[PDB]
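>>> Give me a 3D structure for the following:
(chains A and B, ligands or ions: 2)
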Amino acid sequence: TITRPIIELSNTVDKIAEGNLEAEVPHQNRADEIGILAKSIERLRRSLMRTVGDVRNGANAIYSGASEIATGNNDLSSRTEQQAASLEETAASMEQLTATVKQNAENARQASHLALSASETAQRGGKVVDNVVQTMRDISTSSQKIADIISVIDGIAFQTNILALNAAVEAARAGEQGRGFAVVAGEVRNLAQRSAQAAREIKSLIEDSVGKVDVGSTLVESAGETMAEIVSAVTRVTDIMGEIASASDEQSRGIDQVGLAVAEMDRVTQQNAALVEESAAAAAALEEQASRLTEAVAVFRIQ
Amino acid sequence: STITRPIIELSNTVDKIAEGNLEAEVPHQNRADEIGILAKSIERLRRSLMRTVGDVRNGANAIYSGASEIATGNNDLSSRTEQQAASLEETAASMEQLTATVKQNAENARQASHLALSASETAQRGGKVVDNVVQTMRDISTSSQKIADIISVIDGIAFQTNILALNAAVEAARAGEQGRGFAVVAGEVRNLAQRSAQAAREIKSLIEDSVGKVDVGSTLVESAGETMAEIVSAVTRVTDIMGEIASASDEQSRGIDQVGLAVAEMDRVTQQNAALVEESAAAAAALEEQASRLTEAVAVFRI
Ligand SMILES: [Cl-]
Ligand SMILES: [Cl-]
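Numbering: from 1, shown residues only, chains lettered A, B, ... in the order given. Ligands and ions are numbered 1, 2, ... in the order given. Below you will find the coordinate block:
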């Protein structure tokens, strides 16, 4: 009659070892030693209850974090993709910028060699204009000297025309003798007049002509302004180029420093890719680790 | 009577097991009586529990691990996220100083282009001016040629007047003193004719000088003409070249704008990951906590 209860308690233990936690523990009301032991066992049953409970909450917590890492992961993923896409868009561009910079530098270096060329052919043309200016001055002098001497020949004609008067008057001193004389004096007069005609034609021609040299002189002189002016505008072109070259090998070393920061960045993007794959693996591992913990106490029927 | 000692003892064994203490073997398994059966029962439970405990201990250690891994995984990410921020700094800075120089270029191109075109207009007006000179020279020269032809008539007349007067003088002084009078007049005509012939030679040789200088000068302005031609086609080439730089600098500034935008896109990303960094420090601390709860749920803690 002690046999019956302690066997019953033994069964109770068994029933607990199978994970049956919800059944009452018998004999807790006895005030004999059996009661002490039943109480011990009810205490066991309670202590197991709380443990399964804790483990189960632990499993569900972790299943929660697994799920949270996961969705935090799926973000960093497509967000990291976005980054690598953005990063190639900027790689593409820095390649175009080196292309365009290198070209602009050669294109400046051309213009410069080209302008110095204009400069040097303008200076040569400068010196050829000098010579022309000079030779115009000479022509101007010669031409005035011609005006001068032709006016003298007009004088002589006038004068020899006057002597024809005297020769006529000296001829008529022997009428019938100075008849031939009279003809000569006539001839002289005729020769003077034609000779004056020629003189005056030349006056017209030479005065006109003098007009022309002075005009041609101002034209040639301006042709020299022109050379000076070109040289000037073409030099300022050469400077402008010196400056473009300087801002180009400048842009060159700045593109350069950017390509470097970009290598940095696709290195870190690459790593974020790695981090993502790993983080997915961690999540999976956590999920299964909660599965195992749940399974470890799942036979237990509680409360 | 006697057998209340093992009752109490078993009670104590059960309180150890409840307390999380499993290492002690249960006594009284050797009895044939009912106690023995129960001691065996406690033994079966003890050993089942050791096993359940151990999976759970293993569970938590795996969480502790997982967590501190996620943690270090997250410290690297943090330092790559500042490293990324700092890189994106330099980049933005470099686009700044490179957006400056692209503008400086479009300006200096514009400014060169004008200078070139300015010389182009000049060297072209220049060519029109050289043309006018070559024409004036032809004028000057046609005229001199005309003057030559007439000067020659004045020479002719001088010649004729010389002979006319020399014959008249001769035939008058032949008459004695009766024709001394005429002889002197004829004589002064001969001298006047001599002067006039000499004047006309001086003009003839001055005309020679002019014409010669005209041909020469004319050949020289021709070449000046062709040097302005050469300049035009040079500066024109330079104008074309500036066009090509206005281009570069335009597609460049579009390059800066793609990069500008993409650098912003990656500014978003950088800040978002900073969010991720501490969000996940915090997941890692929470995982560490569940591991802790799990080991403590099953520790020998004297509960
Ligand atoms: Cl450039
Ligand atoms: Cl053992």
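>>> contacts, neighbours, all on C-alpha from now
OK.
>>> so who does residue A:229 touch?
Going by Cα atoms under 8 Å, 6 or more residues apart in numbering or on different chains, residue A:229 touches B:119, B:122.
>>> which SS class is it?
Secondary structure state of residue A:229, per DSSP: H, G, I helix; E, B strand; the rest coil, is helix.
>>> if I look at it, how far off is ligand 1?
Here residue A:229 is placed at a distance of 29 Å from ligand 1 (Cα to the ion, to the nearest Å).
>>> For the residue of chain A positioned farthest from its centre, what are phi and psi?
Distance from the centre of chain A peaks at residue A:176, with 110.7 Å (Cα atoms, centre = their mean). Per-residue torsions, residue A:176: phi 70, psi -20 (degrees, to the nearest 10).
>>> Would you mind listing what in chain A touches ligand 1?
Counting by Cα under 5 Å from the ion, chain A comes close to ligand 1 at A:101, A:104, A:248.
>>> before we move on, back to that, for the residue farthest from the centre of chain A, give its distance to residue A:183.
For residue A:176, the distance to residue A:183 (Cα to Cα, to the nearest Å) stands at 12 Å.
>>> what do you get for residue A:203?
Using Cα to Cα, residue A:203 is found at 30 Å from residue A:183.
>>> Now do the nearest residue to residue A:118 once chain neighbours are set aside: how many residues are near it, please.
Excluding the flanking residues, the one nearest residue A:118 by Cα to Cα, 6 or more residues apart in numbering or on different chains is residue B:231, at 5.4 Å. For residue B:231, the neighbour count with other Cα atoms under 10 Å in any protein chain shown is 25.
>>> Now for residue B:231: which residues touch it?
Listed by Cα under 8 Å, 6+ apart, the contact set of residue B:231 reads A:118, A:121-122, B:120, B:123.
>>> from memory residue A:291 sits against residue A:61, does it?
No - counting by Cα atoms under 8 Å, residue A:291 does not reach residue A:61; the two are 11.5 Å apart.
>>> Residue A:29 - how many residues pack around it?
Neighbour count for residue A:29, taken as other Cα under 10 Å: 11.
>>> part of a helix, is it?
No - counting by three-state DSSP, residue A:29 is not part of a helix but coil.
>>> Do I have it right that residue A:186 meets residue A:163?
No - look at residue A:186 against residue A:163 with Cα under 8 Å: they stay out of range, at 10.6 Å.
>>> And the two? Which one has more around it.
Using other Cα under 10 Å, the more surrounded residue of residue A:186 and residue A:163 is residue A:163, with 21 against 17.
>>> Phi and psi next, for the more buried one.
phi -60, psi -30.
>>> Check residue A:19 too.
Main-chain torsions, residue A:19, degrees, to the nearest 10: phi 90, psi 40.
>>> which residue packs closest to it, ignoring adjacent ones?
Closest to residue A:19 by Cα to Cα, 6+ apart is residue A:300, at 4.1 Å.
>>> quick revisit: which one of the contacts of residue B:231 is nearest ligand 1?
Here the nearest of the contacts of residue B:231 to ligand 1, counting by Cα to the ion, is residue A:118; it sits at 23.5 Å.
>>> List the contacts of that closest one.
Neighbours of residue A:118 in contact, by Cα under 8 Å, 6+ apart: A:231, A:234, B:230-231, B:234-235.
>>> Comparing residue A:203 and residue A:183, which residue is more hemmed in?
Each of residue A:203 and residue A:183 had its neighbours counted (other Cα under 10 Å), and the higher figure belongs to residue A:203 (19 against 14).
>>> Run through the helices of the stretch 151-300 of chain A in chain order.
Secondary structure of the stretch 151-300 of chain A, counting by DSSP state H, counting those that start in this stretch: helices at A:179-246, A:248-296.
>>> Could you look over those and pick the most buried one?
Sort those by mean neighbour count, taking mean count of other Cα atoms under 10 Å in any protein chain shown, and helix A:179-246 sits at the top with a mean of 20.
>>> could you check the angle helix B:180-297 makes with that one?
Per axes from the mean of the first three to the mean of the last three Cα atoms, to 10 degrees, the angle that helix A:179-246 makes with helix B:180-297 is 10 degrees.
>>> Quick one: distance of helix A:179-246 to the chain centre.
Distance of helix A:179-246 from the chain centroid (Cα atoms, centre = their mean, to the nearest Å) equals 55 Å.
>>> for stretch A:252-259, same thing?
How far stretch A:252-259 lies from its chain's middle: 12 Å, per Cα atoms, centre = their mean.
>>> again with stretch A:5-16
The chain centroid and the centroid of stretch A:5-16 are separated by 90 Å under Cα atoms, centre = their mean.
>>> Quick one: residues in contact with that stretch.
Contact with stretch A:5-16 is made by A:21, A:25-27, A:34, A:38, A:41, A:45, B:34-35, B:37-38, B:41-42, B:45, as judged by Cα under 8 Å, 6+ apart.
>>> Just the CA atoms of that stretch, as PDB, please.
Only the C-alpha atoms of stretch A:5-16 are listed here, as PDB (Å, rounded to 0.1, in the frame of the first residue of the first chain):
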ATOM      1  CA  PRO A   5       1.900   5.300  -4.900                       C
ATOM      2  CA  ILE A   6       5.600   5.200  -5.400                       C
ATOM      3  CA  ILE A   7       4.900   3.100  -8.500                       C
ATOM      4  CA  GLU A   8       2.500   5.700  -9.600                       C
ATOM      5  CA  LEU A   9       5.100   8.400  -9.100                       C
ATOM      6  CA  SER A  10       7.500   6.400 -11.000                       C
ATOM      7  CA  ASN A  11       5.100   6.400 -13.800                       C
ATOM      8  CA  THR A  12       4.600  10.100 -13.600                       C
ATOM      9  CA  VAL A  13       8.400  10.500 -14.000                       C
ATOM     10  CA  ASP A  14       8.200   8.300 -17.000                       C
ATOM     11  CA  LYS A  15       5.400  10.300 -18.500                       C
ATOM     12  CA  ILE A  16       7.500  13.400 -18.000                       C
END
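>>> who's in contact with the residue nearest to residue A:143 when sequence neighbours are not counted?
By the measure of Cα to Cα, 6+ apart, the closest residue to residue A:143 outside its immediate chain neighbours is residue A:210, 6.3 Å from it. Neighbouring residues of residue A:210 by Cα under 8 Å, 6+ apart: A:140, A:143-144.
>>> Report the separation between residue A:210 and residue B:43.
Here the criterion is Cα to Cα. By it, residue A:210 lies 145 Å from residue B:43.
>>> same deal with residue A:116?
According to Cα to Cα, residue A:116 and residue B:43 sit 108 Å apart.
>>> can you check residue A:27 too?
Applying Cα to Cα, the value for residue A:27 to residue B:43 is 21 Å.
>>> Same check on residue A:140?
Distance of residue A:140 to residue B:43, given as Cα to Cα: 143 Å.
>>> What of residue A:271?
Residue A:271 sits 54 Å away from residue B:43, going by Cα to Cα.
>>> Go through the residues of the stretch 1-150 of chain A and report the one nearest to ligand 1.
Scanning the stretch 1-150 of chain A for the residue nearest ligand 1 gives residue A:101, at 4.0 Å (criterion: Cα to the ion).
>>> what's the closest non-adjacent residue to that residue?
Excluding its sequence neighbours, the residue lying closest to residue A:101 (Cα to Cα, 6+ apart) is residue A:248, at 6.1 Å.
>>> Same check on residue A:43?
residue B:18 (6.9 Å).
>>> Give me the neighbour count for that neighbour.
Residue B:18: 23 surrounding residues under other Cα under 10 Å.
>>> Which strand or helix spans it?
Assigned by DSSP states H and E, residue B:18 belongs to helix B:4-19.
>>> Quick one: work out the angle between that helix and helix A:3-17.
Using the same axes, to 10 degrees: helix B:4-19 against helix A:3-17 is 10 degrees.
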